[PDB]
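Below: one structure, written as structure tokens.
As written, the chains take the letters A, B, C, D, E, F, G and H, and residue 1 is the first residue of each chain.
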Amino acid sequence: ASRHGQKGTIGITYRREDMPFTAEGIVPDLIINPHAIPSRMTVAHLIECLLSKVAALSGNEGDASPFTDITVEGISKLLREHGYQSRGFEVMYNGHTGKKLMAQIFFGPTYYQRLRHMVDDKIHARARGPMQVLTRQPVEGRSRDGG
Amino acid sequence: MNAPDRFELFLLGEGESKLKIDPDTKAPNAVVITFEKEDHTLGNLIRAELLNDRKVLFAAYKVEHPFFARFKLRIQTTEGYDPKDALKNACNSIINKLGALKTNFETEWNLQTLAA
Amino acid sequence: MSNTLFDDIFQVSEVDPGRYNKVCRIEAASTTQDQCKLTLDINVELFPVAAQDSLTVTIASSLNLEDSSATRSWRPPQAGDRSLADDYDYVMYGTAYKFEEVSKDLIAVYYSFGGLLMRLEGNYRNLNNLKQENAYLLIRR
Amino acid sequence: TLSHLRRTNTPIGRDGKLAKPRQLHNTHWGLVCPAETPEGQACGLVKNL
Amino acid sequence: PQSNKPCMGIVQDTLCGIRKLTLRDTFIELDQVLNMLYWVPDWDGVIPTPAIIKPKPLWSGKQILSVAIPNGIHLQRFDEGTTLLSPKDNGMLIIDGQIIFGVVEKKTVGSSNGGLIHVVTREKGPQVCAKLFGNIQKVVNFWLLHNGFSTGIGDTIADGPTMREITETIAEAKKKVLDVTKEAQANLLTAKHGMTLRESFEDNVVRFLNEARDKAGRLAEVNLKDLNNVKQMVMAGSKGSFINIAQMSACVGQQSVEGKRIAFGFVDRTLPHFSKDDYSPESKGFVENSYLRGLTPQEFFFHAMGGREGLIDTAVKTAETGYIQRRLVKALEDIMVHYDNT
Amino acid sequence: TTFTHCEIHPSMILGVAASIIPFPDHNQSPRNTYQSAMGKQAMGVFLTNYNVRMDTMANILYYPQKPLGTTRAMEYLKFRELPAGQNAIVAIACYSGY
Amino acid sequence: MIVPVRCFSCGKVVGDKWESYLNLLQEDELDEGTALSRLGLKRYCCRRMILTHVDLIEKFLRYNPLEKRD
Amino acid sequence: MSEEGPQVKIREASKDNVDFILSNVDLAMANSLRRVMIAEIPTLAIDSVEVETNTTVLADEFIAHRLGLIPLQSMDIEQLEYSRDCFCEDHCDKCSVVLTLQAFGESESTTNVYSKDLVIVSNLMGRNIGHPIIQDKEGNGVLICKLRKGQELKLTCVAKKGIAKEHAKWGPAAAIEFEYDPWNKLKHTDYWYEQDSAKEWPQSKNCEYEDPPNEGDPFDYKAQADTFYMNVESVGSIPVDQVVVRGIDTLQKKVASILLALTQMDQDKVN
């Protein structure tokens, strides 16, 4: 999960060869879908991405406190000083064939947290097993291999 | 845990054929060739080379699921010409090109070392 | 019997780019016959067209210059093969989906080259043989 | 731990259908966090300073 | 059988892609056409003749996508202001499996009445439509893997002139509200039909502010270009609407609680930073900023109350609806159509 | 014009859970609530002396990273001493439909 | 927790440079960006590795695995 | 000179980086070359650890994972054998390398355990292999752990031969830059703009190596991708020119395996 109510699950993992890459040989540690932005209106996710990218390229902690004077245009100006497209887009190539991609891609660092739910603690199956003393029906509990 | 072993990506199991050729029943002079333990690296190269032969009509490949290392290639050529022969010519041309590339790179690197 | 079903010379008035960035729509009038007009969608990036230009427009039923490719797979062109397409400079393949009767002496025909639309308006005798279902449009600048 | 040592409970029936104690009120400005509240049957009834 | 219409359809990013594919702008070269035709598992080995034979063979997205559609399927749909030669590329015409004209989007491959899915199921059968789902998904996903798609903060930004008209509209609505307040404070305002004077004042204020927000949103939406990603998603029909664009770009609007503006929690005010007997919009829960600009503390507080209301709504009425549902199903559980048709 | 007091700072109208979201005012409020809930299930160094304690369960993260964008209030919750996540490069895109 | 040996993104190695990076910060009194670029860290992912590291190994080290209280 | 084949122009080189242009080549070939250069070149890395004494503040698999990524010299890796092929039980002398690590914190001030303290005790048989890769000025290399007064660590390491398609530890290339067509003459990318697309997007360093297009020229609808600009950096184990050459050799061997299998199958069909 990210710090703006955007959580999900890993659905597949790829190796560095099938990952789309930029002209500089950088590769995304993860890829999320853009169909999650509009209905949630989490513009703060995009602003955090932009500001974190600028801070990584520059090398100083970037303030993000509420009710302050930082604006989007200011950080975009500070971004263009370094040599990237101001709205955070970048040119990326396909990993399989090596061609160019028609549309540019929003790209940058963010902060993520690994939540407490693992699939290894939720997986359960049962063919047969112990019953109950009174009702003689399959017991309750995953750690007690119940139904 | 259900994570399969990684070495299944580059070691064939016993009783596995690296190639399997099957005639295609829809178009004349068409074959479907399954490669095992291989990915886009080889299929893209072979298809791009097979597209340069004026006697080759159709040449296309696919990787059905990104869990398994295998892919399918499909070839269709003109009458009086065998798709296996086309594959052999493509492989020969690729090998010659790679050899020339290696010789050129070695010459350039040695020249740079002399200039280093 | 020659393959060419229709032949004329038109002159374009204006070009309509619209929202697209590759395709444009043009309208043109026939300089020979007064009752023939053309509305056409074209790929400008290949065949740029300006206003007030004269273009030769042909509708043919086959590209073989001498007498079953409808149900046969299209094969890439070969060196040493000559055809009707070697003369003109812009060739498109399409199918017709509507024959409209505007009045007694005028009819219109609609063609769809893979989503690119064309309307041809003309006299009955000029467009008599355009009852075909598949056709090649050839344009020479 | 920080959030747990700073928690207040309103002893009304958590299935009680009284909406007014649940909602945020004009007097909570600066004394109660408006964002942070549980979800479910303890919505609004559990407060964090 | 609850509403006699499809419950499944093309959704999310396949829907966002099947629309970018079928624009008149999109042309395809030879190699990609070969790979795409191989991907369709029901292909018959025949290569469609291109649409631009000379001076370079090209294929239109409609042509390749027509391969997935079975043969014998016919569809006609006329939208607003579309003629038999559509200039806006609206509507849809499919004759014997071929897309004649029309972009495909939520009204065609979605879960709607009279769409492609419904006619395919009612003409061929469930198995053919089941094949169709996967054919379309495979083709469109293969193409979208090489096209690309994204979304960024640059899609919520509007040009300066649009900002100017936005602020001017907000200002004029504020002036109208102030004038109504001045009229009512001099005992000149007339009570509306069967409805108190205070209610009349409140009704006027609410209507003015809502119309202001709507108009500003529509200006900001009309400004946007066609290569905007949020606009593309909204046009395709996959995620969002014009309200979302308005709030992220134009202005948030008027926060309410229980169908009314923010009432007086304290005595004769709403927050310690105001003065007694204040009826201005900014003091009664009006947010004239946007999510791109930033919210000031008071409108932030009012927005928080507005959200809390809906949170409570869900959290409890889940349980109430559950009880009602159980009682309904238990009441009717033993009713059956017999062989007498009774 | 007859003021009697002043606000020391508006940011303090927020608790301890929501003092870690960056730019919270650019967000819909239920989103702030949801993250205030989910901020209590991240994995991180719960104490710097977890080595001894025999707790019923414990989770520890190998390499924690302090965020690149920090609110000013974090300097009092000590979130740059015991972080609960990592800075991940993210590309927002459509890629293969997975 | 000791510095990661490799970069999670571009495969590079940053583990050995931590000791020399700490030197430039107080012996030479340089800023963080110039110090990060002085060691060949040019992609911003390597800068991410070095810049945002919490060194927790100096706290466990003043401590023993025997007798923590509560 | 081979004028019928791929051409190469090296502009820059060093111990780590090679910067060059590859011309008169398809795009598929260059893409496959880079995929092989990253994924399928063998190298030597630690693949098993066993520990005797651990009085540190870290775990055991923690230090194992830290050790599994340290880079070691693998120039002559062609003379080792895959441990799944060697007839020896467990690890061979011909199908493995063995090192030992010992450290003890006698002093009051904390003592760092670097990677210069790995000592090789097996027999190398005159092969240049197994040496740790050291690239810093002080020579300490990868720092591994930390010690206090009265803490000791003792363990033994077995390093083997493999590729990067099974773990990221065997990869010899860090990151390789791959660019082409900086003027967008072919119209492969479509730009996103607010007012003027030609100004918002910066210019690549490579524009100086091609001539800008002229507004009077119609779109050239016959060109193909032919010139690529690459840059390759190595982790340190293998020299970079050897990385390129071995990538080409591996691609050749894969195609030759395809050819041999096809010839075998044709002989089978003859029967």
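The rule we apply is simple: contacts are C-beta pairs under 8 Å (C-beta built on N, C-alpha and C of every residue); 3 or more make two chains touch, one makes a residue touch a chain.
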Farthest chain from chain B by C-alpha centroid distance is chain D
Centroid check, CA-based, most central chain -> A
Between the Cα centroids of chain A and chain B the separation in whole angstrom comes to 35
Cα centre of chain B to Cα centre of chain D, whole Å, reads 65
Expressed in whole Å, how far the mean CA point of chain E lies from that of chain G is 47
So, in whole Å, the Cα centroid of chain C is separated from that of chain D by 73
Where chain B touches two or more other chains at once, the residues are 27, 40-41, 44, 47-48, 66
Multi-chain touching residues of chain E, meaning two or more other chains, are 13, 16, 45, 47, 55-56, 145, 148-152, 154, 157, 291-292, 294, 297, 301, 304, 308, 311
Each of the following residues of chain G touches two or more other chains, namely 9-11, 43, 45, 48, 51, 60, 63, 65
Chain H partner, complex, touching residues on chain E are 55-56, 154, 157, 159, 227
Seen from chain C, its contact residues with chain H in the complex are 45-46, 48
Interface with chain E, chain A side, in the complex: residues 33-39, 41, 43, 46-47, 49-50, 67, 72, 86-89, 92, 94, 96-97, 99, 101-106
In the complex, the residues of chain H that touch chain C are 218-219, 221
In the complex, chain E touches chain B at residues 31, 34-35, 37-39, 43-45, 47
